[PDB]
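A short worksheet on the structure shown next.
Every heavy atom of this structure was used, including side-chain atoms; hydrogens, water molecules and symmetry mates were not. The sequence lines fix the lettering, A, B, ..., with proteins before strands; numbering per chain opens at 1.
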Amino acid sequence: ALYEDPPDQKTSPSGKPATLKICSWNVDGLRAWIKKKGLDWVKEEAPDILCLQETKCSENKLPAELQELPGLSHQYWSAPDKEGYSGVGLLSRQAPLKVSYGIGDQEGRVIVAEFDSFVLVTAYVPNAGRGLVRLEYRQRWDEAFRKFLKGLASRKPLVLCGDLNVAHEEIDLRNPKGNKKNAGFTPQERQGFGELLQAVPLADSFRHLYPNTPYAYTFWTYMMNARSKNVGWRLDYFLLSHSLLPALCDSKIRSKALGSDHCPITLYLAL
DNA sequence: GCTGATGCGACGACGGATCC
DNA sequence: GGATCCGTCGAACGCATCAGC
């Protein structure tokens, strides 16, 4: 069945107005994404902060359009050995207080940015691989990432966004039965997600607001016209510290924005 | 400099078995 | 014998390198 994201809820359940708009997007090739008008969609969304994953592009090769974003002028980029794979980016209206890269362990998968009242982490979580060939590495990465997140020295609440490369529960993908042995829906990856929520701790912004809504995905394989059929997976998330839930206005899935095999997601917080 | 081949990374459609 | 379950296989993309000119 197709899906239509509900209207933007820009007021917290208590009645306060959203003051921060964050957008996260696995662009699957930043230069390709830019040629497919991805940046015109970003300008329409007008977020305060924009996080990109799988840019596959070192900094010296960022297209000039990225220098013409006056509302997103503080930009931090991180790329891996394997040029052309992985790579993440964080663009912000306001300068962060602090920026770092990695999870303490140059893989180009994580950017950490401390703002006035919260710490933002954007992540491109390693894929378990076709045939699960890198599933054990993923499991080790999950555990190191949890530890890193828990151990963040700031007593500030946490927002974690990006492509976490797992559909947490059967409601998070179209074909759960035939994918329980595929990357992104193994019992090992699902358990790692549950442990991330438990240990840090974190809530899944979208599922907390829409706990029973099926067919909401953020990824569709390019092949077999899966997107047109909405055969997809929910792989991209905003996860929030418990204390941030009263500030949570909405968590969106921008199903119609093209340019990649993932669609943008967007968080509204009242801070 | 530019093109196209090739390599590499990132599952839904389908065919067959089992079950009541 | 429709529903389900299971394992097998080809395929849309982006980016790097390489060969050729």
Check your understanding: For A:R130, which residues count as a salt bridge (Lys or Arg N to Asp or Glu O under 4.0 Å) partner, sequence neighbours excluded?
Key -> none

Check your understanding: Rounded to the nearest Å, what distance is computed from the CZ atom of residue A:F185 to the P atom of nucleotide C:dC6?
Key -> 14 Å

Practice item. Sequence neighbours left out, what passes side-chain hydrogen bond (donor to acceptor under 3.5 Å, both in side chains) with A:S78? Give chain and number order. Key: none

Check your understanding: Is there a residue in residues 218-227 of chain A whose heavy atoms reach under 4.0 Å of DNA chain C, and which residues are they?
Key -> A:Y222, A:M223, A:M224

Practice item. Can you run down the salt bridge (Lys or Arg N to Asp or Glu O under 4.0 Å) pairs that involve residues 198-209 of chain A, sequence neighbours left out, and say none if there aren't any? Key: A:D172-A:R207, A:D204-A:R234

Check your understanding: With sequence neighbours excluded, what pairs up with A:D116 under the side-chain hydrogen bond (donor to acceptor under 3.5 Å, both in side chains) test?
Key -> none

Practice item. Let me have DNA chain B in dot-bracket notation, would you? Count Watson-Crick plus G-U wobble pairs, both distances under 3.5 Å, and use [ ] for pairs crossing earlier ones and | for inter-strand partners. Key: |||||||||.||||||||||

Practice item. Quick one: label A:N127 by what it contacts on the DNA or RNA (base, sugar-phosphate, nothing), any heavy atom closer than 4.0 Å. Key: sugar-phosphate

**Study point:** Qualifying residues under salt bridge (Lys or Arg N to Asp or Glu O under 4.0 Å), relative to A:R174, sequence neighbours excluded
**Key:** none

Exercise for review: Take nucleotides 15-20 of chain B nucleotide by nucleotide from the 5' end and write B, S or -, depending on whether a protein heavy atom sits under 4.0 Å from the base, only from the sugar-phosphate, or from neither.
Suggested key: ------

**Study point:** side-chain hydrogen bond (donor to acceptor under 3.5 Å, both in side chains) partners for A:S260, two or more places apart
**Key:** none

Practice item. Determine which pairs satisfy salt bridge (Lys or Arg N to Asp or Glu O under 4.0 Å) with at least one residue from residues 33-44 of chain A, sequence neighbours left out, and list them in order. Key: none

Practice item. Give me the residues of residues 168-181 of chain A where at least one heavy atom lies under 4.0 Å from an atom of DNA chain C, by number, or none. Key: A:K177, A:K181

Check your understanding: Does A:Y3 have any side-chain hydrogen bond (donor to acceptor under 3.5 Å, both in side chains) partners at least two apart in sequence or in another chain, and if so, which?
Key -> A:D5

